[PDB]
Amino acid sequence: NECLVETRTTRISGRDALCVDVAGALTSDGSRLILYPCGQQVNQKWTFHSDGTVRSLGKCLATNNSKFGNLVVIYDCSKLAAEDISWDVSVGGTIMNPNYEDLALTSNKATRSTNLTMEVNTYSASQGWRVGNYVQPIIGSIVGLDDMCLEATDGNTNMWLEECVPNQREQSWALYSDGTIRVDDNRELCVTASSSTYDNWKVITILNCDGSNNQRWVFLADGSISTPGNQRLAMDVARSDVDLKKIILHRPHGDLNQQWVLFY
């Protein structure tokens, strides 16, 4: 029962459920950032502060081309300038330094020991992160219009609403720290906004996960399954007809066809 929160220590996870990890626990000013599988190590633990810094091992997360190049790195707070260690977390997964307004934290490939980087903001599956000490993907059903669950169908190639079944493996999904909705049985398959369209809107279907901005999704307070960014579009059964068997990403009018529920 206090509303001010001064200091906090959590951990940061991302693409394919990998954690933001300071390289080899090394403490020196200028030590590298990597993705590493999650665990109980002090280098993976991150502490947020009221000033705006995020620290590990006594030193703040930093970004600057003039000093370290493209890379992201921990550095001592008192010696370094003021602007290269301010950070900001946004509701749809974007970690970014406000002082570098066009840019965003990124893992360029998904596989262990990747160096993290600041890249231009495209709101991509890679540029998306979940801040929070619970790093595991949130497994459950997705329920849409008329209490139909989203089903991974046709050998897991195409996705549409079908009528609920208890514990159907294909009807459950797994929402990952990166933004992606993965299939429960298979994790290499994932949800995607495909290039093939209907009535000048993109059809959503499953594909192999690459980490592109066709694949990053956010569950909004209004109950939409939506894309990140100022421009917004949401998941949508087309014209509320389950028979068509197609979900279209559309302008968010926010009617029942764009209402969804994570039934965990």
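All residue numbers refer to positions in the sequence shown, first residue = 1.
Participant: Which is higher on mean Cα B factor in this entry, 216-224 or 203-211?
Facilitator: Taking the mean C-alpha B-factor of 203-211 and of 216-224, the larger value falls to 203-211.
Participant: Comparing 17-25 with 238-246, which stretch shows the greater average C-alpha B-factor in the deposited entry?
Facilitator: Looking at the record's C-alpha B-factors, the answer is 238-246.
Participant: Using only the C-alpha B-factors in the record, can you name which of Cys164, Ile142, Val135, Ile181 has the highest?
Facilitator: Out of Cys164, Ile142, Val135, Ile181, the record gives the largest C-alpha B-factor to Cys164.
Participant: For the listed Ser50, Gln44, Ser196, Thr47, which has the peak Cα B-factor recorded in the PDB entry?
Facilitator: Highest C-alpha B-factor among the listed options: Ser196.
Participant: Could you say whether, by C-alpha temperature factor, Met159 belongs to the lowest, middle or highest third of its chain?
Facilitator: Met159: CA B-factor falls in the highest third of its chain.
Participant: Among the modelled residues of its chain, does the C-alpha B-factor of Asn1 lie in the lowest, middle or highest third?
Facilitator: Its C-alpha B-factor, which the entry lists for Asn1, ranks in the highest third among residues of this chain.
Participant: How does the C-alpha B factor of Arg187 compare with the rest of the chain: lowest, middle or highest third?
Facilitator: As the PDB entry reports it, the C-alpha B-factor of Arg187 lands in the middle third of its chain.
Participant: Please rank the C-alpha B-factors of the chain's modelled residues and tell me whether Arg55 sits in the lowest, middle or highest third.
Facilitator: Ranked within chain, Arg55 CA B lands in the lowest tercile.
Participant: What third of the chain does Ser90 rank in for C-alpha temperature factor, lowest, middle or highest?
Facilitator: Lowest third - that is where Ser90 ends up once the chain's C-alpha B-factors are sorted.
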